[PDB]
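Below you'll find only one chain, the form deposited in one PDB entry, shown as C-alpha cells.
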C-alpha cells in the first residue's frame, strides 16, 4: 500500500464534515489541489469489512456526475483513512440563499432538479446517502449560476454514525422514519430531499421540535401540514411533489427518477413571485443551527485544550533535565510531536507549527500560545455566529432564543438556567461575554 504524505501535503483546514476533518491538500508533483477527508479509525468504527470498503471505493472512483462529488484516491495507515476528492469553493447551498435578496419556486426547482439528478444517478449504481442534508449540498464555485455537488455518498453504509451531539446537529430534521427503525432502502434519500424542498419553500422544517427526541417523535409519527401563511404564495404542484416525496411507506413513495418527471419540476425549469417570508425564515433557521453548532464545538475545544495543556506540560516536565523551566527549540519539536503521537499532516508540518509558536513566543509560555492557537478557530467562530444570530445588532440574545439554541444543542432547560444564575441581574437576556461564560460553566470551568 502507498503512503499518503509521500504524494500530498497539507495547505489549510477547510472545515469539519461527517466522520472527520477536511484538509486542503496539494499534490507534490502535479500541483493539483484536493479536499481530503481524514477519518480517524479510533473515533469512527467501521460497519463493514476492509474488502467491502475497498470494493465500494473502487466503484465510487469510476463514477462521474456533475451533481456528485468526484473521488480521486484512497489511502489507509494504522489509525487513519484518507478519502481524496475534488475541492468546491462555493460553500454550502443555504449560506448562499441567505445572502441573496430574491428567491422563488424557479430557484428551488432548479436546486432540487440538480439534487434529484445526482440522487437518481447514484441510485442506478446501487449507492445510498442515508444522511442527506443541506450541509452536504456544496456549490461547485463562488458564482451564482454554479452546479450543486452532493458530498458523503455511501459513507454511512461503511462507517458508524457518531453519538456525540456536536456531530448530530440538524440531522434529526432530514432523517427518514424507516432509517430509525432499521429496515430502509434508497427511498430514504427522496424523503430527505422532500424535507429540504419543504424548507426551501417555507424556511421552517416540516418535523420540528424543541429538542432532538421531540424532532424524531414528529418524524416517526410522519404527520406534517402546509398550515402557514408562507404556503399560500406557493403552487399546488409544489405541494403535490412534497406530499409524494414525504409518503410514509417507502414502497408507495416516489422514486428519484419519477420525481424529475413531476409537473412542478417540468414547469418551473423548462407567474413566479418571490418568497420573501421563506428567505427570512431560512436566515433565522441557518443562524440558529450555526450558533448551536459553534456553542458545542467551543465547549468541545475547551475540554480538549485543557486535556492537551496538562499533557504537553507533563511531557516537557520529563524532558527538563536540570529543572530551570526552559527547553531548546529542537527539544520542543520532540515533545510537541510526542503529544500528537500519543493523541493519534507529517513531521515537516509539525516542525513548522512549532516555529509558528516560537516566532510569537519558558516552555509554560509556549503551551499557552500553542493551545490558544488550536482554539483560535472555535473562539472566533462562536463570536461570529453570535453576531450573525443577533440580526438586529442589539448585542443581546433573549431567553426564548437561548431555549431554542440550547434546545438544538440538547442542553437540558434546568441545567443552563442554573448556570445563567451563577448573572444574578435577572434581565431575561444575555450578551456575548455572558453567553460565553455560560458555555464555559456548562463544560466544567
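Take the two forms, superpose them, and find the largest set of C-alpha atoms that agree within 1.5 Å; that set is the rigid core. Residue numbers count along the first chain shown, from 1.
Not pictured, yet referred to below: the form deposited in another entry.
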Notebook entry, point to check: Rigid core as reference, CA moved 2 Å or more between this form and the one not shown - which of 368, 99, 125, 208?
Noted result: 368
Checklist line | Core-superposed C-alpha of residue 334 shifting 2 Å or more between this form and the one not shown | finding: yes
Note to self: With both forms fitted on the core, check whether the Cα of residue 377 differs by 2 Å or more between this form and the one not shown.
What the structure shows: yes
